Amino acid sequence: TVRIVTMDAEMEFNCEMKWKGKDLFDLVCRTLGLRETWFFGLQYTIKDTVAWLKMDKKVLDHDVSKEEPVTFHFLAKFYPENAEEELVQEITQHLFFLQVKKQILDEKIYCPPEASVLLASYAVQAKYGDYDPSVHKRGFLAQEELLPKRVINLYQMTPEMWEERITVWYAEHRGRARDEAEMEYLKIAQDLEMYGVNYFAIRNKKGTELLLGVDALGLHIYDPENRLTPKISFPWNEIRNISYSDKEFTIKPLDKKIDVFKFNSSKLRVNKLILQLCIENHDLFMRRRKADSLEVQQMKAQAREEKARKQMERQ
């Protein structure tokens, strides 16, 4: 018995014994009606280690616990550069909105205080629809989790004062349907420095502890105390080659004036994950810079028909 946890739902599947990661993943995506499968994965945690279900491996053969309800979390593994230009289906847009809002509220990704207020105002518009002073009276947001605790702890303001500031901006969002408000939330969130960045502990050749960030834009090297501003960045289209051999990675820039960057990473399983994230992020970087495939063109036409079908019922 396999339990699948999405950002807003829990499903149970009667998984076959001789089934591989691909079979379970495809079933989940079909059940959800999700066609942009390339962004997503099935994640699990064992003995303090985050891992993804391998598509070419048997589900039961994985290092996951042999607990009665074998559980995976369906989550986005890859992120678009501009969600407003790339995410086609409403289901995909909504799952990204939920996941990213959770990363902001639980402080997985940093957010300046002013952005947390503006983001909360779009989350309120998405959840409640248009602000209406007859309905949304003072105290209507008292039970909502609106801001990261880090932000609340930086100011001498009451919950009512935070609600008032959020409500001012919520009132400015009149006219945004749920999908429009959730997409405006993603448009703000996707410009945060930590958005979509996968961090890994590495060392340079002199032993200096650093972090590698793998993201939709390229590769980035950080001092461990500052995950916001890379010391050096290598955009995907500026990398000539990435080599890996015996725990050592080498990033070779296309620009000869930029030095080759070598670093080490201690865990083989993590190194395989770093390489997988490099290959697929580089592939997605190239794909979004070329004209839509016929499959994407048709997916957009179908999403347009679905949006117009739902709009006819409301009007």
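Note that residue numbering begins at 1 and tracks the sequence as displayed.
- For the pair 243 to 251 and 22 to 30, the mean B factor over Cα atoms is greater in 22 to 30.
- In this entry, 174 to 182 has the higher mean Cα B-factor, the comparison being between 174 to 182 and 214 to 222.
- Among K272, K47, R287, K262, the highest C-alpha B-factor in the deposited entry belongs to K47.
- In this entry, the residue among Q89, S134, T158, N204 with the greatest C-alpha B factor is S134.
- Ranked by Cα temperature factor within the chain, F72 sits in the highest third according to the deposited record.
- In this PDB entry, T37 carries a Cα temperature factor that places it within the middle third of its chain's modelled residues.
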